[PDB]
Amino acid sequence: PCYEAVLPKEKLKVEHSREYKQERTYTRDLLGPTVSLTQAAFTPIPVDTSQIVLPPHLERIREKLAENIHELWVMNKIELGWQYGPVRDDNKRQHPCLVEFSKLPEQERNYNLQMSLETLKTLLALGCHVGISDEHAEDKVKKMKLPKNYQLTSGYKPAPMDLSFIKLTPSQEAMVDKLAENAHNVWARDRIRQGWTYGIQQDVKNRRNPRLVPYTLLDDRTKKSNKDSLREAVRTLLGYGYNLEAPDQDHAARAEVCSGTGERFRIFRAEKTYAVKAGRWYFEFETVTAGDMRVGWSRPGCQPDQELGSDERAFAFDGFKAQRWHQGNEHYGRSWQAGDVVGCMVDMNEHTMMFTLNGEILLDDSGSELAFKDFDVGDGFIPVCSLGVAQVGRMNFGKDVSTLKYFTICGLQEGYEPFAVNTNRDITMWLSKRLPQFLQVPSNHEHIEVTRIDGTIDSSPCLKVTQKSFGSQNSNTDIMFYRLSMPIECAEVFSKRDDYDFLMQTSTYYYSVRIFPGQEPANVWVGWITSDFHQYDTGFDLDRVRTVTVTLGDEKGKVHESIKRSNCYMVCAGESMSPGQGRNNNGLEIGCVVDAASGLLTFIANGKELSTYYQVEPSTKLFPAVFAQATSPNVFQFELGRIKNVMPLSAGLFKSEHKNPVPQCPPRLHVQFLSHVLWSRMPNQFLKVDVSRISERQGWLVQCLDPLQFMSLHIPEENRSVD
Amino acid sequence: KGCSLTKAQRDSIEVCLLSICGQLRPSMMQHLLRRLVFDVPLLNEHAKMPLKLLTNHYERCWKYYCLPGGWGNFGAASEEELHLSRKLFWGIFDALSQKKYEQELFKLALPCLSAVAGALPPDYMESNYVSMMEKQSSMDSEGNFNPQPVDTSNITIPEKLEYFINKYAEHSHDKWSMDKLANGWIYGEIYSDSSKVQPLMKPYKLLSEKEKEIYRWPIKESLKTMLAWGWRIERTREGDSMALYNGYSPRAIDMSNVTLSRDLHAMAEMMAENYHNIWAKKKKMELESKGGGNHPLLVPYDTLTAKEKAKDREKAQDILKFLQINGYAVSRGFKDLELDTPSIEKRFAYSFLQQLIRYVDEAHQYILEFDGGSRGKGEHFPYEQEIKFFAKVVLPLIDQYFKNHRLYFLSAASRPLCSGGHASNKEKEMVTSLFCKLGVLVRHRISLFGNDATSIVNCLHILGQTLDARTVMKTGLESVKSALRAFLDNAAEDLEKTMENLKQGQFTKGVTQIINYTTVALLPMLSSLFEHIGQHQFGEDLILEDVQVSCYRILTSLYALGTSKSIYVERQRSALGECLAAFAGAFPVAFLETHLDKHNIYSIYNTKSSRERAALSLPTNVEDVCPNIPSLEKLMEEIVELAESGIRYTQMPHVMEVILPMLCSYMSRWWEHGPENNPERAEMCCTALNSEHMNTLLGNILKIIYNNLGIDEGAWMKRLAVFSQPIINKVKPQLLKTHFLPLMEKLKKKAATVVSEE
Ligand SMILES: Nc1ncnc2c1ncn2[C@@H]1O[C@H](COP(=O)(O)OP(=O)(O)OP(=O)(O)O)[C@@H](O)[C@H]1O
């Protein structure tokens, strides 16, 4: 059952899958990128110690550590009122650990012998330098009170010395905690090797243990058991005089970089239509948490991917570093805390701007109260906010003046108006889009440049992709994703000189991609993609592509039909090429062949049919695409040519040229590339959904009873729809 | 550096160079630094310009080289220039120490040392692996051009490289196939530049090995020089791809698209410099065989221009890129041998203050033998330049260093300078030992100092700001601990003897020198210690045991100073008063609070056991040990009665100006140590002084100044106002409204006086 997967501390709820719900505009908690939830997969990672060999001192004292651990059993089982016997059964209260290591099972005796050995070896690998102090600390042994209850049956008396006069330094105690965590990891790893898996309840038939949890999630009772055992062991090792000069407290910087995907910040802004060119305007930003947040005023040309205030589009205030941001960063104001409310003011007439923290005006390094001395009206300013990893913020446009918390003490007397002071509707709020989309390559792109080569009498029309960043710094060594703007439609139903009749009845289309010499071929992939391809990964491989295998069977269970669906049908040039590094002399023309009537995708490379082939589902829209990491100024080029008995690409793409064998490159077709510079519109209203637990008898109830609808503008060529 | 120029020509070249370097981008000047590195320590006539350039450019890059990030647009340090600059500082400092004192040159070089010392990060780890194989072409003693390369005849190329040799000779034969095609030569019987007929159309496979060896010999020497430098070469599977793969026209290959890495670029920059050194050796032999002349490229490779660098750059590029295509992996010449980062000794500040404390102890023993021999007729200084260099460079060097590193010396990675860069615990121990050495150096030597005693008291002040008591106590060598204890005890004893000679010398020779030494050095430096310790909160914990009785002695002496009355006392009264205010903050016991002194368990008078009551000599009472000091409520009766008196600043100034800074410096700290400010142990804690009572004291002082206006007042109550803005801030704003606002309007009446009223 699915309830057994809940982590012990958390309680099971049923939430919205997406972050934002229907609620009040000023109470809507704007959320930044969330921390990646890697703690679900509890992989017990041990510190490697097999490579390390015992130093000579530890080697000659290994027998004394074996005696010490024997003393540990014979105290533990005797300090708990327990007695001795062959079978380790807790009901009859019999244990062989209270007796000599000889009668004690040699296998577990040696197991604990060496797990204490790699205990000290984990100390060594942790920098704990366990060396003898003097021969006094071994020659002297103290005597403990040994009543009949504390009495044992073996000769190894559990009275080395009282550990009260022996103190373990705080860093050493922390490392004891760390090594207990390591021992818990060892235990969990052994259970994984036997195949144990975690379950909230404990079972032996399913062979499932709630104890299979990270040490942080471990229960305090087992924590303290392992704690006392291992602390007593380390204390007795110190009592043996092998003092360990503790390795330093090496401070660690977690760097707060654990965001899911490459997104570092989420930028929220109002609609461009609400830009202000004149007047005094005020709005409040409530910080639920303290962290990497920026609030201020931005121009309508603000880019959702660049951070606020790095360049000229935005005028923001970062309180985390207490710095104002406009084309740079200068010290300004103070740092906020959780719950602090920032109030932003703008004078469009006096060309001044300043901020407040809980009412008081923030001061510059100089005594002046203006955050930004002077600027230009331009196209107007709009409220903006950027939220870092695991950051929650609230933006109040002051539609309801009472909801503003510090407007009365600051802003009202100065004549500043709330940004939504006179509005009948709530302000539409635009956010940076998480999911990348394909768009036409800009002519002003700082790294990508595309040229259109007309088709001559002997050359087919070509589209050439070049990088202007190469030969200079800031060249992005990242895999760019390219595609053509117009798709091929496979047949709605699948059927179960070249001839000017076969070429007229055929439905097989072709395009070729030539990898320019010096561009590494294994860094370039050629093939087709569908409209669903929205994956932007710095590292791309054909094994990582999204796939699913829908199998439909008849009534017994026989699989009469198997369909594999994928958004990427592409091949690598490095594997397609046979001659290896001896090539790159010239050429590498990868050919893509698509059969719109049968859905067969066949690839040719330098005139040979490649082994890889893809069978696609009827009515699939395939976009010619090439993914490449550019290692040369000239990287690949689309050739819209044709081969014998194979229709040109333009014939498939366009309907007016359906029966035209001459290859063509109409202006509609253009190279498109994947990027993250796009804004998304948050809906003004959301569905009214309520979720609650009816009972343990009935479960969790979800209920939506109000109908909401929106117009969807469907772009026919790109097979996508937007509100 | 040329000497044929006139004085005006030298001035013009110096101004031009200092301007160009002054606005020059900081990273670009690395080659110029490393050329200057060996020429600066000469300290010849030419060296003033290097000293000024060092000073100005390091002062410009004070932020850059210290900050681990530096200036973000200009980046940060490379640590190679840091290793060079430490050598600069050490060479300059040691040379100047050993060689004769010239006043102008050493006042010019002192700011250079200050700038270098500041720019060098004190926390810097002197790596066990530093810059080595120092390019010696710039190390020619004359003309900084001795282009000897690294000899490589001893080493021998191994066998797996023969296939690389064949393939690279194939590339060479190909590019000369293109060369002959480009300049026009074609196949024929014999080689001829006349008709462009030229017989090398034949392939590499069948080319004659003599003519092949003509291609080897440059390739062979290049590979030998590559191997001698130590570069590890590793073999990949792309190489055996070729083996499995296995006249003519060498068909179009595409070189330019590949690119190298930055480490390999520096690597290739040095190989190109090596090749220029081989070329320059050949040119030196041919020029010496000629017997005379010069060549435009005779200047070193770093002095060269890009156009002649282009040939070396491209020919290194080509072999490198073909080496990637062949699959070899070239690395650095030699692996790291060991790391000296674990030891705090290699920390730059540690070694700096190491040789600094050796020099300070040397100067202290020199002044000891001068105290011995100064009774002899000969007053000449055999170590003249030693002590003048010390006092006017080292002491200013210490001052500027500790000023530039205010936070570093206070930094222990325990949040002071939390970004990093901590002064080690042993470093702060040895800072304290430097303070002790400066003190024992300054005891009763003011007359022997040539008016540099003011510089020395500023030095003691700065060393007083640079202290870390927690670190010294929890980790401190017993010798340094005893040094600091003997420090405090000797200062107390010096003040006690000056108190006793001032009671016996109540009426107002060597005693004049002693009292001037006291009032100019000893009282100000103790006051600086007291201010630092109280402000930086380590007063209470610097003061635990027997340091408490030492400070009891100092308190008795300081209160005797406050009750002593003379004309010279009035002249030096401001220093006395600031010493009083500083020590009140430093002193941990509410000595005024006669009734509530004893109960504090935190005092020596509670930790004092009984056996060592009897062991020490004690009056057995916190009030009997300080009989003269009055009870707090009795002084506050005094303060109120002086309210109703309104005594004049020229008639009755002594008690009324001595007590006010005392009480202000008291209650400033023992309010927040009061009974309401400490919720724990309330009215049973250190003090009982509260907001209403200090508010009465505010109105009281500000009521006396009302009568004091009649004699036009004095500056020391403006100093009280300076002390009291902290008081005004730490008093609750509610007490400001309706009581202190009427004080602002009352002082608005007081605005008639020309003096600035708050
Ligand atoms: N007195 C003892 N009690 C428990 N374990 C002991 C004892 N003496 C030695 N051991 C060793 O410690 C191991 C841990 O035993 P324990 O009872 O803690 O089982 P476990 O691994 O926690 O079980 P599970 O995986 O079923 O939750 C034993 O398998 C044995 O090798």
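Going by Swiss-Prot, the residues shown for chain B are 2557-2802, 2820-3081, 3088-3337, listed in order.
Method reported for this entry: electron microscopy, 3.6 Å.
Cβ atoms are placed via backbone N, Cα and C, with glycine included.
The phosphoserine annotation in Swiss-Prot covers B:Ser2697 (among others) and rests on similarity to another entry. With a 10 A radius on its CB, B:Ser2697 (phosphoserine) counts 7 other CB atoms from all the protein chains.
For B:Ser2797 (among others), the entry in Swiss-Prot reads phosphoserine. All chains included, 14 other C-beta atoms sit within 10 angstroms of the C-beta of B:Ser2797 (phosphoserine).
Shown in sequence order, B:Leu3021 are the residues of the chain, 6+ apart in sequence, with a C-beta less than 8 angstroms from the C-beta of B:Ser2947 (phosphoserine). Feature annotation from Swiss-Prot assigns phosphoserine to B:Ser2947 (among others); the stated evidence is similarity to another entry.
Straight-line distance linking the Cα atoms of B:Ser2697 (phosphoserine) and B:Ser2797 (phosphoserine), rounded to a whole number, equals 52 Å. Under 8 angstroms separates the C-beta of B:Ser2797 from a C-beta of chain A, among the modified residues B:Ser2697, B:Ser2797, B:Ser2947. In the three-state DSSP scheme, B:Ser2797 (phosphoserine) falls into the helix class. DSSP gives B:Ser2947 (phosphoserine) a coil state; it is part of no helix or strand.
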